[PDB]
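Only one chain comes next, encoded as structure tokens, the form deposited in one PDB entry.
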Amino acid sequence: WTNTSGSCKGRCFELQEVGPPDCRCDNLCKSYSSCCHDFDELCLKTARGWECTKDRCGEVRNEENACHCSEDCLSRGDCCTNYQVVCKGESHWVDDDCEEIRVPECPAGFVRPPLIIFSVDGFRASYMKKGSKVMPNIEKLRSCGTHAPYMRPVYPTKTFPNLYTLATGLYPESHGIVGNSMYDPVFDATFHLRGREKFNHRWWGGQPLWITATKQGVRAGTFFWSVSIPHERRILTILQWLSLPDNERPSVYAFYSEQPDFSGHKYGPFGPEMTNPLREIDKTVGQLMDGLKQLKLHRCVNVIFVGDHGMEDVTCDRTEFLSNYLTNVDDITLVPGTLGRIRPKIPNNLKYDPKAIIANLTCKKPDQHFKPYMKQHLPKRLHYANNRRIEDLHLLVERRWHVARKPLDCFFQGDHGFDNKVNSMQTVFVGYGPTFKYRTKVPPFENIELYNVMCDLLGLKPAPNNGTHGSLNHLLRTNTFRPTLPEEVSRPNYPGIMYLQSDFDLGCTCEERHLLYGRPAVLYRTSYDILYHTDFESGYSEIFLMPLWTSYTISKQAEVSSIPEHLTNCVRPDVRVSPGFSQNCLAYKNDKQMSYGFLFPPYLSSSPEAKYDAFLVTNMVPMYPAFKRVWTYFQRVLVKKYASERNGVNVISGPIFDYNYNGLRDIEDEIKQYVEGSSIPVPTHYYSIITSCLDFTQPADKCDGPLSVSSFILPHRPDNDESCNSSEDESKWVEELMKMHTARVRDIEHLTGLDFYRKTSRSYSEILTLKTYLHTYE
């Protein structure tokens, strides 16, 4: 019980965290129904609005006023933000020319630039195109500071998963806020956005910025603002906190706006009604900057203007219903809308048939506006599976559409939540201040990367997260992180000819040019061999009986040759590797469901003599015939197409084992499938990393400057049910599938325990940016 009889006198928006039975005067007091009786009266003053007028200049202090225009307001830190403009003839911050902030210009007592995070809900990246005509303050921040054309949110592109990712540097599957609504089967409880359950600490994993700050002796302002607190009061509170004595003043602050999201949902992203909320957010930014200029902090503070996600045109007319595909939807609970998550209505109800449900949702309407996936089959780039709160059955919804349970379930013209690579879901990033670069444009980057940067801006050591520290050093003038190259754990063996062809009873019948960025380092304890060939180089695992990586270079005008008729089933023993550490063909003859493929393709052999190397047992990998349709098309058509378009390509391909879908390389005990009657593990995925020169006029094998990369993590599946057009020729569907499964080099590194690009002429920070790059095809 909380004693509301107490008073908020001289305690309004106190940073002093007090518990029961003492009444609170902070922002969260309303949500916990613990405010002192006089909180609204004393702390939420509204009298005379939020602006000084000429008639108010030099007034007598009236404590009932929302903000002040009296002579003592500056010394008291409670002037209306436009006080110096209206009463002292100063100019608005927006009307001043920007000047480079080479060093922080801070008043006495500030030893470090404070950080202000200005978060805007549903701020689509494209809204920035409106410019100074609609948003002059935001345009000045963007133009004069450091900005990205867009920032990639996390999936689902919903509010709480994205705001909490921004705060922690973690994927939702790791921080636990997997949706705006979620069901935890262990707690047997539902998290809702409009419930008291969301305040329970058990939902919130990882370590958010305000906790990282507090644990390291750095004071933080609130990261939660009550809906009942107007934006002008939020701004005045931040400014009042910035005016506090040296020993009370926070170093990190957060502002939040429910706009332009609110209006975006009502009118859609391209509605004329979108101008009004954009002008309003700009006015709030103007109040903050004028306020900072008033406190002599406008050239001292680092300001981050950031969004959680974008907004798409979504109407009630564009809704698919599960009742149109499934006989009985009454035994199912659906998390609906721009994504779908399906579970039984009764938590542990045994009448629930997941395989029959997926079958009825798979390619059952010609222009179907969603696709079902078992969570382990979702694109790996989404990192959306390793959490008990993520239902096994998922629906990836097409942009502009909704999924609902039945017709019983327009007032809305906009929505968000779709695949995080979707153009309309991209949001904003602007960094302004002494620590950010001046008038600099940076490439798009992911929001998971920001936590490390915010820790750098505050002199904090970041908690373990999913960002790649140093990948965003190019955004900063100072406070850059010096990254350390991961230490190589296992040393390779370099075997020569050690065995006879007669030593093998496998049932089988028959660096300068190819390793351009150095040997990938193996970052775990294992036994592996480096194998050299005329056309390729490989790192052959003696434990997994296959390469961890196969590396080769294809010139722009290289020839594609066929596999000769008599060499169709040709598999040759490798005299450098023991029969005991080799795969066997009897297993592929026995397994009626499993076939095999090759990592280096025989199609791209340099000569008929060289082609025989591609048929080595050490270049073979287990592949389902359905997957072979995809792999053969990539190997025979796409590798050469990419070489022709990019002026040669360097390709690194290999297997991935992720049976427990945690995005990390499996240990031997985690492998759950092997080739029939053998010890050959079955990969869950196959990766490829395709590098060339950013300057396409230079060939891939003779590149002087920055690199260009595209990568994939292809699901190794026994059917092509994911591709609704798979009955057609591979030219009509395989590339579409590969684009959906695009990946960062960093995603492959986590899944393999490998470290790429260790020997280049580029800085390590530039290589980290390259490794986090995602080719979206958007």
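Residue numbers here begin at 1 and follow the sequence given. The term rigid core refers to the most C-alpha atoms you can superpose between the two forms while keeping them within 1.5 Å.
Query - Absent coordinates for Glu258 in a third or more of other compared entries - result: No, none of the compared structures omit it.
**Report entry** Unmodelled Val227 in at least one third of other entries with both flanks present
**Finding:** Negative; every one of those entries includes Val227.
Query - Residues of the deposited sequence that sit between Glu511 and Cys510 yet are not modelled - result: Missing in between: 10 or more residues.
Query raised in the report: Unmodelled deposited residues between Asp409 and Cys410: none, 1 to 3, 4 to 9, or 10 or more?
Result: The entry leaves 4 to 9 residues without coordinates here.
Query raised in the report: As stated in the PDB record, which stretch has the larger average Cα B-factor, 483-491 or 422-430?
Result: Result of the comparison: 483-491.
**Report entry** Residue range whose averaged C-alpha B-factor is higher in the record, 720-728 or 28-36
**Finding:** Between 720-728 and 28-36, it is 28-36 that shows the higher mean C-alpha B-factor.
Query raised in the report: Between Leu42, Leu751, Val745, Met738, where does the Cα B-factor run highest in the record?
Result: Largest recorded C-alpha B-factor: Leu42.
Report task. Choose from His377, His201, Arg318, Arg629 the residue with the greatest Cα B-factor as stated in the PDB record. Result -> The C-alpha B-factor peaks, among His377, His201, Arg318, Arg629, at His201.
Query raised in the report: Against its chain's modelled residues, does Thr769's Cα B factor rank lowest, middle or highest third?
Result: Bottom third by C-alpha B-factor.
Query - Chain thirds of CA B-factor: placement of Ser595 - result: Within its chain, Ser595 is a middle-third residue by C-alpha B-factor, going by the deposited values.
Query raised in the report: Mind checking which third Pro706 falls in for C-alpha B-factor across the chain?
Result: CA B-factor rank for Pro706: middle third.
Query raised in the report: Is the Cα B-factor recorded for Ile680 in the lowest, middle or highest third of its chain?
Result: CA B-factor rank for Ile680: middle third.
Query raised in the report: If you rank the chain by CA B-factor, which third does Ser551 end up in: lowest, middle or highest?
Result: Middle third.
What follows is about the form deposited in another entry, which we do not show.
Query raised in the report: Which of the listed residues (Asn662, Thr214, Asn569, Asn349) moves its Cα by 2 Å or more between the shown form and the other one when the core is kept in place?
Result: Flagged residue: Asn349.
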